[PDB]
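To begin, one chain is listed below as structure tokens, in the form deposited in one PDB entry.
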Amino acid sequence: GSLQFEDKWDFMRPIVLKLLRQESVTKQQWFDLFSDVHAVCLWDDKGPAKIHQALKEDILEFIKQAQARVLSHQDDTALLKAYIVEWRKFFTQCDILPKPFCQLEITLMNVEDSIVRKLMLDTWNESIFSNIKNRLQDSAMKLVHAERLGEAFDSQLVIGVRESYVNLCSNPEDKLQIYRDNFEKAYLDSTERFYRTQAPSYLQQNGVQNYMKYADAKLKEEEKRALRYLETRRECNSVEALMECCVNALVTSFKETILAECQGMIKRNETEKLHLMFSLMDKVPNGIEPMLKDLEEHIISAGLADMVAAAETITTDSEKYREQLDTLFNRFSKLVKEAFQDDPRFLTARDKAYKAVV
């Protein structure tokens, strides 16, 4: 009474699939499945070298089934839900299926680092992930592209896709290696592409001081949207890699147009508007250097004629020849409070320009 892998596989292979498909399994089938592997990985010569390849082939055949069931929907929404159902089941089988092969994994040589699970998590990456990866993102982004426009959706669809890019990376050195190059990369491109044809239009439609209330409000809405769809669990600077994309796409890409209005806001004393510009050009590298320069030159030329009317009139009354500059300085020492809250960079130019009136 003997037995080989050829005689016993046809009794095992059902139990593999029942576990791969997350189908219910009986207690006796668990023990039969250990007891078959105990028998093949011993009495069979190339037995362990056959459960190894048979199990590659059968895992791969299931993951090809799952890909067809996901790609069965044409609704870019029910297709996201279908991918996560099959994966969440899958990921949850990676903790179960590698157990009846405890002797295989020894005969071929605990916890996560097993050969079977590594075979399961890989084959999902070799196959269904690698093939659907670009569709997975060209669908999830449309649900946020739509979220930016009114369409309320199930925000767990793009979250579930996110935390599925986190769990499939088996790299211990870079855990976010297939999230930082796939999910994060598409969310930056779509956010970028979105504000190249939606934000240049708010500048054609409405004015500039209107666009500043817009770029502002869109850095606030793209941030609380990133603190949902992006990674916050383990620190990665992804949400902040988005705001750099956004600043560049909202504020940096229109700095000259914003800084052109600087000079007149000073003259007309528009402090609520200079504070808004400040809020925007302060997220830009060296963005307020022209701003500083517009308050440094205006202070000068103002205190360059609002002082010439003295040598032709008040020259012997320093009690008046010094007070105009007690008020002049006050015109600018109070613009900075109301507008820049006495930021130390604008005091340096408030002073760099007032030394020239001396």
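In this text, the rigid core denotes the largest set of C-alpha atoms whose superposition between the two forms falls within 1.5 Å. Each residue number is its position in the shown sequence, starting from 1.
Gap between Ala152 and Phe153: none; every deposited residue in this span has coordinates. Taking the mean C-alpha B-factor of each stretch as recorded, 58 to 66 and 38 to 46 are not equal, and the higher mean is that of 38 to 46. Looking at mean Cα B-factors across 340 to 348 and 7 to 15, the upper value is held by 340 to 348. Between the residues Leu33, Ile300, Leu292, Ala310, the entry's highest C-alpha temperature factor is the one at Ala310. Note on the listed residues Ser72, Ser279, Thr197, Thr191: the highest Cα temperature factor in the record is that of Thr197. In this PDB entry, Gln209 carries a Cα temperature factor that places it within the middle third of its chain's modelled residues. Among all modelled residues in this chain, the alpha-carbon of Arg234 has a temperature factor (C-alpha) in the highest third. Per-chain ranking of the deposited C-alpha B factor places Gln103 in the highest third. For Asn248, the recorded CA temperature factor ranks within the lowest third of the chain's modelled residues. Among the modelled residues of its chain, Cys169 has a C-alpha B-factor that falls in the middle third according to the deposited record.
What comes next is about the form deposited in another entry, which does not appear here.
Residue showing a CA shift of 2 Å or more between this form and the one not shown (rigid core superposed; candidates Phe101, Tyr229, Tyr211, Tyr187): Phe101.
Once the rigid core is overlaid between this form and the one not shown, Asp36 counts among the residues whose Cα shifts by 2 Å or more. Once the rigid core is overlaid between this form and the one not shown, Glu147 does not reach a Cα shift of 2 Å, moving by less than that. In a rigid-core overlay of the protein, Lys320 has its C-alpha displaced by under 2 Å between this form and the one not shown. Between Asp95 and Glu163, the Cα spacing is smaller in the other entry than in the shown form, differing by no less than 3 Å. Inter-residue distance, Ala186 to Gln65 (Cα): increased by at least 3 Å in the other entry versus the depicted form.
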